[PDB]
Every structure is written in structure tokens, then in C-alpha cells.
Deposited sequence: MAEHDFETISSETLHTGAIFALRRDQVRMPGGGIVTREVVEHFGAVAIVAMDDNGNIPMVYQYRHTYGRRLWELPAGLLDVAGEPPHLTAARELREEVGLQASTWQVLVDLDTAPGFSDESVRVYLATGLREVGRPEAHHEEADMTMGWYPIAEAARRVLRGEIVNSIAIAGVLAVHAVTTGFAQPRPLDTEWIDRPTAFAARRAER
């Protein structure tokens, strides 16, 4: 394919709208920072999940601890650990790549990297702990709909059943976003 022209329609706080002419059709793309989420499994096979309000839906959704890659230069790995700390008060000795997901391939360039964190310590000084199998049944029951949470929960479920394995932190993130970050629209 060929990108004829690129035009910015609007730049917001967390994303930008750009219209491209493609080889000829209009292709409006929502540039995004990209994000990271964490599936922190304890030694008993349970994971922590948060209950957060999502304006887009006008209600609260059960999700994995997660955050945007809105810190220029900060490694996703670091961002993920920082978020696990802030969100559920946990630090993990081990970090591996569970699954990457492209949220809305149809209109945005956001990609989310989900990590599997184990060897947990409770640090610091709404959320719930769910056994992985129950979290999985919740997904298949519609109680968990957030796309990042679905991927993470079913992915770790496939891992805890012996079906698959996690991955090295250095696993390539094929679609990690870069456009919105490259704009540096701030200051």
C-alpha cells in the first residue's frame, strides 16, 4: 500500500486524530501512546484485578492493573512495575511477556503489552483477588469484557494449564506505538 498524504485533524491529551489518503481512500487513524498491563499471579495461582469506572461505557469494568506509555524514554517494563505498585501495591521478582494485543486495529495504532509478574511482595503503606480459573470463567460469562483483561486472563489461564509458556522480557513488541509519542505535543 501507499500513504499518499497525512493530515492531523485534532490533537488531544492522550491521542491524536490523523487522516491519511491510502492507495485512494480516507483512513482516519487514532494515534496512541500504547499501554502496558500486568497479570500478577501469586504462588497460589490468584491474580489481582481492579474495578475502574470507564466513561466510554458509563460504568465500572473489571480490568488488570494498567497504564499508558506517556513517559518519554521510560521502558514499558518500568512503567508496568510502577503501575503494579501504584495500582495494587505489589512488586514482583520475575517479569515475562504474556501477550501483546492490538486493541482496535480498525481505527487506532494502540498496542498493549501484557506482562506476567510472579514472585510477589506486598509493598507500600477497588480491587479483588481471583483464582485464575474463576477469572477465566468470568470472561466466558461476560463479567470481564475489557479487551486487555480478556487477553491477559485467558493467556495466563493457558499458561497455568500447561498449554503454553510465558516469554522473555526482550520479546519483540511488533506494534508498540510511536507516532503520538513522536509528536511531543507538550510544554
Subject >> Ranges of the deposited sequence (numbered from 1) for which no C-alpha atom is modelled >> reply: 1 to 5, 29 to 33, 136 to 145
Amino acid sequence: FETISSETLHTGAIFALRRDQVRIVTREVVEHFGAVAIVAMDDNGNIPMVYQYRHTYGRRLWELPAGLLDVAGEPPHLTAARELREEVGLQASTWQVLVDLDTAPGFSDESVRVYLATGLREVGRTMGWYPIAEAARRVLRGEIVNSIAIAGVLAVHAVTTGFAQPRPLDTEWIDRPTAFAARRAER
From here on, numbers count along this sequence of modelled residues.
Original post:
Out of 70 to 78 and 90 to 98, which stretch has the higher average CA B-factor listed in the record?
Top reply: 70 to 78
**OP:** Going by the average Cα B-factor in the PDB entry, point out whether 24 to 32 or 53 to 61 comes out higher.
**Re:** 24 to 32
**OP:** Pull the Cα B-factor of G124 out of the PDB entry and bin it into the chain's lowest, middle or highest third.
**Re:** highest
Subject >> Chain-wide C-alpha B factor ranking for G45, given as lowest, middle or highest third >> reply: middle
